[PDB]
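Peer 1: Take this structure, written in structure tokens, and hold onto it; I'll ask about it next.
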Amino acid sequence: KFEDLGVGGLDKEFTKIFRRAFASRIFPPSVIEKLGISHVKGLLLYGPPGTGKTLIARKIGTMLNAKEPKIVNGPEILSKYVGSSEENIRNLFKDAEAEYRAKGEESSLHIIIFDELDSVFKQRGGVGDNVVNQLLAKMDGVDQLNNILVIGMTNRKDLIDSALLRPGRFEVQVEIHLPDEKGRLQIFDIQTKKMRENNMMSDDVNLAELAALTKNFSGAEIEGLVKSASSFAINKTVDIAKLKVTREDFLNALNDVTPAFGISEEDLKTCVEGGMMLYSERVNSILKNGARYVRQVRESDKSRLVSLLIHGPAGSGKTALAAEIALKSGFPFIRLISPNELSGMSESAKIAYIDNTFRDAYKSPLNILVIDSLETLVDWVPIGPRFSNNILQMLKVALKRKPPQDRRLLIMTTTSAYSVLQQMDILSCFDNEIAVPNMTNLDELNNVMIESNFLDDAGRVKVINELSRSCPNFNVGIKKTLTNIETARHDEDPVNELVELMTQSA
Amino acid sequence: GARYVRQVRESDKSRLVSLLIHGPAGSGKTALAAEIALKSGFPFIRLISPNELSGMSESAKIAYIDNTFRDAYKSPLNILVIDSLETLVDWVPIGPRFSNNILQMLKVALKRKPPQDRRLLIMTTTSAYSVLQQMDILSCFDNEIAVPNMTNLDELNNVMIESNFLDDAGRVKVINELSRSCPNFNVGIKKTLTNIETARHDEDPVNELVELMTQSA
Ligand SMILES: Nc1ncnc2c1ncn2[C@@H]1O[C@H](COP(=O)(O)OP(=O)(O)OP(=O)(O)O)[C@@H](O)[C@H]1O
Ligand SMILES: Nc1ncnc2c1ncn2[C@@H]1O[C@H](COP(=O)(O)OP(=O)(O)OP(=O)(O)O)[C@@H](O)[C@H]1O
Ligand SMILES: Nc1ncnc2c1ncn2[C@@H]1O[C@H](COP(=O)(O)OP(=O)(O)O)[C@@H](O)[C@H]1O
């Protein structure tokens with residue numbers, strides 16, 4: 001029916017394909033001749049990479065007899081001699097034409113698989129125009145040819161020429177989603193079949209739990225997971241005929257693998273390497289508000305987009321709070337945009353990266369995406385002043401677009417130049433705002449130094465008393481506090497350095 | 001809008017009509033334009049938004065606009081909606097920087113008659129009337145509609161009854177509170193709806209909505 005072959009999770013799409021594509025190649029030729037209808041001569045199926053497009057193409061080829069598929073990929077076609085970039089697109093149709101001319105209407109179906117159709121075949125109006133014209137004149141031209149079928153696969157369907165998508169050239173258009181919970185269960189069933197019949201899979205593994213634990217897995221990462229678990233088991237063993245793979249191997253392999261549409265733990269973990277100390281009452285309120293907004297986004301029906309701004313004095317430790325709020329939510333898709341990643345690229349590459357990261361957040365059920373700085377991304381310098389308009393306009397457009405279909409998003413941006421944003425007139429894109437004030441007190445410093453154990457209580461008391469008698473209006477961020485504490489620790493005497501540093505810093 | 005559509009359909013000399021719907025930001029202009037478009041029946045309707053010219057290059061944007069306009073000249077009746085027009089010509093008020101080529105293209109393309117005996121109606125929205133005045137581009141439009149804000153409490157009550165939030169008692173309490181808690185009241189529909197939705201979650205009682213409306217206004 002559909003799953004007797006190796007494809008799981010794709011049910012509706014395959015019914016559509018079977019009804020529209022192979023509903024005229026199965027019936028007796030007499031009936032179809034009486035009806036007076038031709039055959040479909042194209043198929044464009046698009047979606048995120050690594051989801052099972054080539055597999056379905058090859059299975060379609062196999063299930064209908066047909067010769068071996070002829071495979072090609074976009075950028076390989078081009079050459080650097082006149083008339084060679086289009087000769088390659090002409091050599092793919094020779095054999096089918098010859099067989100059609102020789103045999104007639106009893107020929108055998110031929111298949112041609114095209115990969116990355118949006119790299120060369122872009123709207124015309126150069127080598128590109130010639131290539132598009134040469135394919136256009138060959139797919140449907142003056143000479144009839146109805147013993148062929150060409151499949152095309154792509155990830156961006158809104159760049160292909162507008163005449164290559166007309167009934168007669170590429171008639172059927174299909175979309176491939178990511179697997180659902182049942183899709184993952186079925187994929188697991190298909191993949192763990194050799195180890196099942198051959199009696200080398202323990203009786204403790206419960207694939208339902210494994211499917212439930214894997215979220216946003218793409219269907220190929222499952223294959224990697226199972227293979228890695230099997231390799232782990234064998235390598236642990238080396239009784240060679242008594243190998244058994246248990247739950248522990250699978251769980252370890254799962255722990256090792258990192259999905260492509262999942263959390264990026266390392267960055268969000270190194271962003272908070274200094275630790276989260278509750279030095280006052282504000283921190284709890286900030287975190288509570290963050291949690292409130294997370295919950296609102298999760299449980300709403302009409303609120304499918306929420307953009308949040310967090311701002312305050314420099315050094316107040318703003319990115320750490322955002323990272324902690326993100327790390328205590330549980331969403332399956334978390335991503336970060338920081339100046340470190342972008343540095344070194346050109347403006348065009350910067351825009352491309354900022355756009356692609358926003359186009360991968362519309363293919364998952366629940367997401368959360370963090371933007372850092374927002375003033376160094378725009379290249380701001382106060383003399384003249386200077387900055388980049390293109391990136392600014394890109395970010396402005398991206399912060400107001402609702403996600404497609406039924407999805408959800410929570411953008412969270414940090415800044416420390418409120419006034420500049422006000423001048424640029426960009427403050428209408430944000431829904432709610434949070435402020436992060438810095439330390440103005442002495443008990444806070446005492447709490448910080450007890451939590452960091454700067455010294456024994458004797459020196460701590462002495463230094464706090466000295467500062468109380470000297471500095472009345474202590475006002476500094478938490479980064480400078482920590483760095484000064486460390487510097488004093490590695491230096492000699494508390495009052496000699498710590499007090500002097502604090503006095504010169506406040 | 002209905003009058004203008006009817007004029008463009010059944011006439012002899014009017015073969016190109018422009019418009020300009022302008023008002024304060026958040027007043028809900030694009031919704032009105034879309035509603036006027038959906039109740040016409042014209043065979044051909046298309047829309048140009050900043051959401052589609054995202055991440056492109058300038059030349060690509062010009063080519064896209066050119067192709068759209070060219071495709072609009074091959075059918076008997078047509079309509080064409082344009083959004084912003086201060087964001088397509090990316091405008092930042094400091095310097096002030098913007099793009100001139102796209103501006104000139106749009107300025108030349110809004111005064112060209114369709115070939116032969118075709119007809120065309122164009123609706124373009126904006127929120128920077130003063131900027132357009134300064135650019136000296138206000139001569140390309142044949143008329144100008146205006147969209148104002150909300151300026152009464154009964155309108156808020158109507159919005160509430162339509163949004164299923166008041167529950168009668170809440171209506172009375174919140175209206176009475178805001179009667180003396182705010183002398184002047186002016187807010188767009190978008191922000192009002194957002195405030196209602198966010199108020200629904202926590203403390204459905206009048207307090208939350210009162211604070212939200214007071215701070216927003
Ligand atoms: N609430 C907090 N309690 C304790 N430490 C904190 C807190 N918030 C931030 N930090 C510390 O701040 C350190 C660095 O702060 P971070 O660089 O995030 O600050 P920032 O103000 O966003 O930076 P920038 O100066 O680049 O604008 C981290 O090592 C983290 O431990
Ligand atoms: N006449 C109306 N009656 C009821 N709701 C309306 C009306 N006009 C607009 N809306 C609402 O406005 C919301 C969308 O606002 P819209 O996009 O039209 O605003 P806008 O003026 O284009 O905004 P902006 O200036 O921020 O781009 C929708 O929720 C729509 O229902
Ligand atoms: N629905 C599925 N069922 C079983 N295996 C799948 C499925 N989808 C993808 N795969 C696995 O992914 C690989 C197929 O490559 P594919 O993802 O089609 O490449 P691309 O999608 O980039 O063309 C094979 O290893 C195949 O087993």
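The way I read the labels, and the way they are meant: chains A, B, ... in the order of the structure tokens, residue 1 as the first residue of every chain, and ligand 1 as the first ligand shown, with later ones counted on from there.
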Produce as a PyMOL selection string the set of residues near ligand 1, where near means within 8 Å with only C-alpha atoms and all ligand atoms considered.

Peer 2: chain A and resi 271-279+283+312-321+373+414-416+477-479

Peer 1: Considering only C-alpha atoms and all ligand atoms, tabulate each residue of chain A that lies at most 8 Å from ligand 3 along with its nearest interatomic pair and the corresponding distance in Å to one decimal; arrange the rows by chain and ascending residue number and present them as a tab-separated table.

Peer 2:
```
residue	atom	partner	partner_atom_place_in_ligand_line	distance
A:6	CA	ligand 3	4 (C)	5.6
A:7	CA	ligand 3	3 (N)	4.0
A:8	CA	ligand 3	1 (N)	4.4
A:9	CA	ligand 3	1 (N)	5.8
A:10	CA	ligand 3	1 (N)	6.6
A:48	CA	ligand 3	21 (O)	7.4
A:49	CA	ligand 3	22 (O)	4.5
A:50	CA	ligand 3	17 (O)	3.3
A:51	CA	ligand 3	17 (O)	4.1
A:52	CA	ligand 3	18 (O)	3.1
A:53	CA	ligand 3	18 (O)	4.0
A:54	CA	ligand 3	18 (O)	4.0
A:55	CA	ligand 3	18 (O)	4.7
A:56	CA	ligand 3	18 (O)	7.1
A:153	CA	ligand 3	23 (O)	7.6
A:179	CA	ligand 3	1 (N)	7.7
A:183	CA	ligand 3	1 (N)	7.5
A:186	CA	ligand 3	3 (N)	7.8
A:187	CA	ligand 3	3 (N)	5.0
A:190	CA	ligand 3	4 (C)	6.4
A:191	CA	ligand 3	4 (C)	6.8
A:218	CA	ligand 3	9 (C)	7.4
A:219	CA	ligand 3	9 (C)	4.8
A:220	CA	ligand 3	12 (O)	4.3
A:223	CA	ligand 3	25 (O)	6.5
```

Peer 1: With only C-alpha atoms counted and 9 Å as the cut-off, give the residues of chain B in contact with chain A, each with its shortest interatomic distance in Å and the pair that gives it, as a Markdown table.

Peer 2:
```
| residue | atom | partner | partner_atom | distance |
| --- | --- | --- | --- | --- |
| B:50 | CA | A:397 | CA | 7.3 |
| B:51 | CA | A:397 | CA | 7.0 |
| B:54 | CA | A:394 | CA | 7.1 |
| B:55 | CA | A:355 | CA | 6.5 |
| B:57 | CA | A:348 | CA | 9.0 |
| B:63 | CA | A:125 | CA | 8.2 |
| B:67 | CA | A:125 | CA | 8.7 |
| B:87 | CA | A:393 | CA | 8.3 |
| B:90 | CA | A:393 | CA | 6.9 |
| B:91 | CA | A:393 | CA | 8.7 |
| B:92 | CA | A:424 | CA | 6.5 |
| B:93 | CA | A:424 | CA | 6.6 |
| B:94 | CA | A:424 | CA | 6.8 |
| B:95 | CA | A:385 | CA | 8.8 |
| B:97 | CA | A:389 | CA | 8.0 |
| B:98 | CA | A:389 | CA | 8.6 |
| B:194 | CA | A:303 | CA | 8.3 |
| B:197 | CA | A:303 | CA | 7.9 |
| B:198 | CA | A:296 | CA | 8.3 |
| B:201 | CA | A:296 | CA | 7.7 |
```

Peer 1: Can those selected residues be exported to a file as an mmCIF file, in the first residue's frame so that it contains N, CA, C and O atoms?

Peer 2:
```cif
data_model
loop_
_atom_site.group_PDB
_atom_site.id
_atom_site.type_symbol
_atom_site.label_atom_id
_atom_site.label_comp_id
_atom_site.auth_asym_id
_atom_site.auth_seq_id
_atom_site.Cartn_x
_atom_site.Cartn_y
_atom_site.Cartn_z
ATOM 1 N N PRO B 50 6.396 44.453 1.494
ATOM 2 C CA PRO B 50 7.799 44.312 1.895
ATOM 3 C C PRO B 50 8.147 42.916 2.356
ATOM 4 O O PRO B 50 9.330 42.557 2.351
ATOM 5 N N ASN B 51 7.158 42.107 2.731
ATOM 6 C CA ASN B 51 7.441 40.764 3.213
ATOM 7 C C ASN B 51 7.935 39.853 2.105
ATOM 8 O O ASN B 51 8.559 38.828 2.395
ATOM 9 N N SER B 54 12.172 40.468 0.592
ATOM 10 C CA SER B 54 12.963 40.319 1.802
ATOM 11 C C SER B 54 14.292 39.667 1.456
ATOM 12 O O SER B 54 14.323 38.593 0.849
ATOM 13 N N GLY B 55 15.383 40.325 1.831
ATOM 14 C CA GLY B 55 16.699 39.777 1.594
ATOM 15 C C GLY B 55 17.165 39.854 0.163
ATOM 16 O O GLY B 55 18.189 39.255 -0.172
ATOM 17 N N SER B 57 18.302 41.978 -3.500
ATOM 18 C CA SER B 57 19.159 43.096 -3.852
ATOM 19 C C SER B 57 18.338 44.146 -4.582
ATOM 20 O O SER B 57 17.215 43.896 -5.024
ATOM 21 N N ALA B 63 13.626 44.559 -10.737
ATOM 22 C CA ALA B 63 13.163 43.575 -11.705
ATOM 23 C C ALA B 63 11.818 42.996 -11.295
ATOM 24 O O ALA B 63 10.934 42.796 -12.135
ATOM 25 N N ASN B 67 8.421 43.212 -13.494
ATOM 26 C CA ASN B 67 7.704 42.040 -13.968
ATOM 27 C C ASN B 67 6.251 42.078 -13.533
ATOM 28 O O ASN B 67 5.356 41.740 -14.313
ATOM 29 N N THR B 87 8.582 52.090 3.144
ATOM 30 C CA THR B 87 9.472 50.997 3.483
ATOM 31 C C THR B 87 10.043 50.317 2.261
ATOM 32 O O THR B 87 11.181 49.852 2.303
ATOM 33 N N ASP B 90 13.362 52.218 1.362
ATOM 34 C CA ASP B 90 13.823 52.131 2.741
ATOM 35 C C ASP B 90 14.226 53.509 3.236
ATOM 36 O O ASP B 90 15.164 54.116 2.715
ATOM 37 N N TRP B 91 13.514 54.000 4.242
ATOM 38 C CA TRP B 91 13.662 55.367 4.719
ATOM 39 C C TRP B 91 14.065 55.356 6.183
ATOM 40 O O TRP B 91 13.372 54.763 7.016
ATOM 41 N N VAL B 92 15.174 56.016 6.493
ATOM 42 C CA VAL B 92 15.616 56.181 7.873
ATOM 43 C C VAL B 92 15.791 57.674 8.120
ATOM 44 O O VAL B 92 16.456 58.360 7.332
ATOM 45 N N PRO B 93 15.217 58.221 9.192
ATOM 46 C CA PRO B 93 15.061 59.677 9.273
ATOM 47 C C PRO B 93 16.345 60.439 9.536
ATOM 48 O O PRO B 93 16.328 61.669 9.431
ATOM 49 N N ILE B 94 17.450 59.780 9.862
ATOM 50 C CA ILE B 94 18.681 60.480 10.207
ATOM 51 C C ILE B 94 19.581 60.481 8.980
ATOM 52 O O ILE B 94 20.001 59.427 8.495
ATOM 53 N N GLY B 95 19.829 61.671 8.447
ATOM 54 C CA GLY B 95 20.786 61.865 7.386
ATOM 55 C C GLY B 95 20.232 62.678 6.235
ATOM 56 O O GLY B 95 20.898 63.581 5.723
ATOM 57 N N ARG B 97 18.696 58.943 4.977
ATOM 58 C CA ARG B 97 19.058 58.036 3.899
ATOM 59 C C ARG B 97 17.817 57.399 3.297
ATOM 60 O O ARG B 97 16.835 57.128 3.991
ATOM 61 N N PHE B 98 17.869 57.162 1.992
ATOM 62 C CA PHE B 98 16.848 56.373 1.315
ATOM 63 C C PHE B 98 17.364 56.023 -0.074
ATOM 64 O O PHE B 98 18.458 56.430 -0.474
ATOM 65 N N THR B 194 -4.640 43.931 20.742
ATOM 66 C CA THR B 194 -3.530 43.288 21.430
ATOM 67 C C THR B 194 -3.677 43.429 22.937
ATOM 68 O O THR B 194 -3.438 42.476 23.689
ATOM 69 N N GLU B 197 -6.329 41.067 24.225
ATOM 70 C CA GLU B 197 -5.875 39.684 24.225
ATOM 71 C C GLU B 197 -4.917 39.419 25.373
ATOM 72 O O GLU B 197 -5.025 38.395 26.055
ATOM 73 N N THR B 198 -3.978 40.333 25.613
ATOM 74 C CA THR B 198 -3.037 40.111 26.703
ATOM 75 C C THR B 198 -3.709 40.257 28.060
ATOM 76 O O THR B 198 -3.293 39.607 29.026
ATOM 77 N N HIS B 201 -5.557 36.910 29.644
ATOM 78 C CA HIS B 201 -4.851 35.838 30.335
ATOM 79 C C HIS B 201 -4.892 36.025 31.848
ATOM 80 O O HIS B 201 -5.492 35.220 32.569
#
```

Peer 1: Using only C-alpha atoms and all ligand atoms, which residues have at least one atom no more than 7 Å from ligand 2? Output them as a list in words.

Peer 2: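 Using only C-alpha atoms and all ligand atoms, I find these residues within 7 Å of ligand 2: residues 25, 26, 27, 28, 29, 30, 31, 32, 127, 189 and 190 of chain B.
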
Peer 1: Using only C-alpha atoms, which protein or nucleic acid residues come within 10 Å of residue 339 (chain A)? Drop anything in the same chain fewer than 4 positions from it, and give the result as a ChimeraX atom specification.

Peer 2: /A:343-344,371-378

Peer 1: Extract, using only C-alpha atoms, all DNA, RNA and protein residues at most 10 Å from residue 216 (chain B), discarding same-chain residues fewer than 3 positions from it, and format them as a PDB file with N, CA, C and O atoms, in the first residue's frame.

Peer 2:
```pdb
ATOM      1  N   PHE B 185      -8.727  60.113  24.913  1.00  0.00           N
ATOM      2  CA  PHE B 185      -8.584  58.710  24.553  1.00  0.00           C
ATOM      3  C   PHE B 185      -8.446  58.592  23.045  1.00  0.00           C
ATOM      4  O   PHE B 185      -9.374  58.937  22.307  1.00  0.00           O
ATOM      5  N   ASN B 186      -7.294  58.102  22.591  1.00  0.00           N
ATOM      6  CA  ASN B 186      -7.050  57.915  21.164  1.00  0.00           C
ATOM      7  C   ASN B 186      -6.053  56.778  20.995  1.00  0.00           C
ATOM      8  O   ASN B 186      -4.899  56.893  21.417  1.00  0.00           O
ATOM      9  N   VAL B 187      -6.503  55.680  20.389  1.00  0.00           N
ATOM     10  CA  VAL B 187      -5.655  54.519  20.155  1.00  0.00           C
ATOM     11  C   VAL B 187      -6.156  53.794  18.917  1.00  0.00           C
ATOM     12  O   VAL B 187      -7.344  53.845  18.583  1.00  0.00           O
ATOM     13  N   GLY B 188      -5.237  53.118  18.228  1.00  0.00           N
ATOM     14  CA  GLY B 188      -5.608  52.343  17.066  1.00  0.00           C
ATOM     15  C   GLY B 188      -6.248  51.018  17.433  1.00  0.00           C
ATOM     16  O   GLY B 188      -6.202  50.554  18.572  1.00  0.00           O
ATOM     17  N   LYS B 191      -3.585  48.004  18.426  1.00  0.00           N
ATOM     18  CA  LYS B 191      -3.087  48.020  19.792  1.00  0.00           C
ATOM     19  C   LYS B 191      -4.191  47.664  20.773  1.00  0.00           C
ATOM     20  O   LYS B 191      -3.952  46.965  21.762  1.00  0.00           O
ATOM     21  N   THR B 192      -5.408  48.139  20.517  1.00  0.00           N
ATOM     22  CA  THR B 192      -6.517  47.821  21.404  1.00  0.00           C
ATOM     23  C   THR B 192      -6.771  46.322  21.445  1.00  0.00           C
ATOM     24  O   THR B 192      -6.961  45.741  22.521  1.00  0.00           O
ATOM     25  N   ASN B 195      -4.074  44.614  23.392  1.00  0.00           N
ATOM     26  CA  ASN B 195      -4.238  44.837  24.820  1.00  0.00           C
ATOM     27  C   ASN B 195      -5.333  43.950  25.385  1.00  0.00           C
ATOM     28  O   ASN B 195      -5.178  43.367  26.462  1.00  0.00           O
ATOM     29  N   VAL B 210      -7.646  48.322  32.414  1.00  0.00           N
ATOM     30  CA  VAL B 210      -7.582  49.750  32.700  1.00  0.00           C
ATOM     31  C   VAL B 210      -6.141  50.228  32.638  1.00  0.00           C
ATOM     32  O   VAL B 210      -5.830  51.237  31.996  1.00  0.00           O
ATOM     33  N   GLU B 211      -5.234  49.501  33.294  1.00  0.00           N
ATOM     34  CA  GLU B 211      -3.834  49.914  33.269  1.00  0.00           C
ATOM     35  C   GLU B 211      -3.289  49.887  31.850  1.00  0.00           C
ATOM     36  O   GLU B 211      -2.595  50.820  31.423  1.00  0.00           O
ATOM     37  N   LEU B 212      -3.593  48.827  31.103  1.00  0.00           N
ATOM     38  CA  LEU B 212      -3.070  48.718  29.748  1.00  0.00           C
ATOM     39  C   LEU B 212      -3.548  49.878  28.890  1.00  0.00           C
ATOM     40  O   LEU B 212      -2.755  50.527  28.200  1.00  0.00           O
ATOM     41  N   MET B 213      -4.847  50.162  28.930  1.00  0.00           N
ATOM     42  CA  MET B 213      -5.389  51.230  28.105  1.00  0.00           C
ATOM     43  C   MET B 213      -4.842  52.582  28.531  1.00  0.00           C
ATOM     44  O   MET B 213      -4.521  53.422  27.685  1.00  0.00           O
TER      45      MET B 213
END
```

Peer 1: Pick from A:82, A:231, A:30, A:335: nearest to residue 266 (chain A), with only C-alpha atoms counted?

Peer 2: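 The shortest atom-to-atom distance to residue 266 (chain A) comes from A:335.
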
Peer 1: Which of region 2-142 of chain B counts as helix (DSSP H, G or I) under DSSP, as JSON, numbers by chain please?

Peer 2: {"B": [2, 3, 4, 5, 6, 7, 8, 9, 29, 30, 31, 32, 33, 34, 35, 36, 37, 38, 58, 59, 60, 61, 62, 63, 64, 65, 66, 67, 68, 69, 70, 71, 100, 101, 102, 103, 104, 105, 106, 107, 108, 109, 129, 130, 131, 132, 133, 134, 135]}

Peer 1: Contacts of residue 45 (chain B) at 12 Å or less, counting only C-alpha atoms, minus same-chain residues fewer than 6 places along, as a list in words?

Peer 2: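 Everything that qualifies: residues 34, 36, 37, 38, 39, 68, 69, 71, 72, 75, 76, 77, 78, 79, 80, 81, 82, 120, 121, 122 and 123 of chain B.
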
Peer 1: Give me every strand (DSSP E or B) residue in region 9-65 of chain A, going by DSSP on the backbone, as a list in words.

Peer 2: residues 43, 44, 45 and 46 of chain A

Peer 1: Output N, CA and C atoms of each residue in that selection to a file, as a PDB file, in the first residue's frame.

Peer 2:
```pdb
ATOM      1  N   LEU A  43       7.245  16.465 -12.000  1.00  0.00           N
ATOM      2  CA  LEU A  43       6.900  16.312 -10.590  1.00  0.00           C
ATOM      3  C   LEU A  43       7.896  17.090  -9.757  1.00  0.00           C
ATOM      4  N   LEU A  44       7.419  18.113  -9.054  1.00  0.00           N
ATOM      5  CA  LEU A  44       8.263  18.974  -8.235  1.00  0.00           C
ATOM      6  C   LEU A  44       7.861  18.813  -6.779  1.00  0.00           C
ATOM      7  N   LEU A  45       8.750  18.226  -5.989  1.00  0.00           N
ATOM      8  CA  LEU A  45       8.512  18.023  -4.567  1.00  0.00           C
ATOM      9  C   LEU A  45       9.617  18.715  -3.789  1.00  0.00           C
ATOM     10  N   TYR A  46       9.229  19.583  -2.863  1.00  0.00           N
ATOM     11  CA  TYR A  46      10.161  20.478  -2.205  1.00  0.00           C
ATOM     12  C   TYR A  46       9.982  20.389  -0.701  1.00  0.00           C
TER      13      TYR A  46
END
```

Peer 1: If I take CA of residue 23 (chain B) and CA of residue 103 (chain B), how far is one from the other in Å, to one decimal?

Peer 2: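 CA of residue 103 (chain B) lies 20.9 Å from CA of residue 23 (chain B).
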
Peer 1: Neighbours of residue 498 (chain A) within 7 Å (only C-alpha atoms; same-chain residues fewer than 2 positions away dropped), as a ChimeraX atom specification?

Peer 2: /A:484-485,488,494-496,500-502

Peer 1: Using only C-alpha atoms, which residues sit within 10 Å of residue 207 (chain B) once same-chain residues fewer than 3 positions away are excluded, as a PyMOL selection string?

Peer 2: chain B and resi 170+173-174+177+199+203-204+210-212

Peer 1: Export C-alpha atoms of the chosen residues as a PDB file, in the first residue's frame?

Peer 2:
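out-v2.pdb was written with the following content:
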```
ATOM      1  CA  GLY B 170     -16.829  44.083  33.180  1.00  0.00           C
ATOM      2  CA  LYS B 173     -16.845  48.650  35.518  1.00  0.00           C
ATOM      3  CA  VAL B 174     -14.110  49.344  32.972  1.00  0.00           C
ATOM      4  CA  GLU B 177     -13.309  53.623  35.551  1.00  0.00           C
ATOM      5  CA  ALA B 199      -5.462  41.222  29.419  1.00  0.00           C
ATOM      6  CA  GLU B 203      -6.597  39.182  36.006  1.00  0.00           C
ATOM      7  CA  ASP B 204      -9.536  39.209  33.637  1.00  0.00           C
ATOM      8  CA  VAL B 210      -7.582  49.750  32.700  1.00  0.00           C
ATOM      9  CA  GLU B 211      -3.834  49.914  33.269  1.00  0.00           C
ATOM     10  CA  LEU B 212      -3.070  48.718  29.748  1.00  0.00           C
TER      11      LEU B 212
END
```

Peer 1: Identify which of the residues B:88, B:33, B:132, B:153 lies closest to residue 48 (chain B), counting only C-alpha atoms when measuring atom-to-atom distances.

Peer 2: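 The answer is B:88, which sits nearest to residue 48 (chain B).
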
Peer 1: Would you please work out which residue, of B:43, B:180, B:147, B:15, is nearest to residue 116 (chain B) when using only C-alpha atoms?

Peer 2: B:15
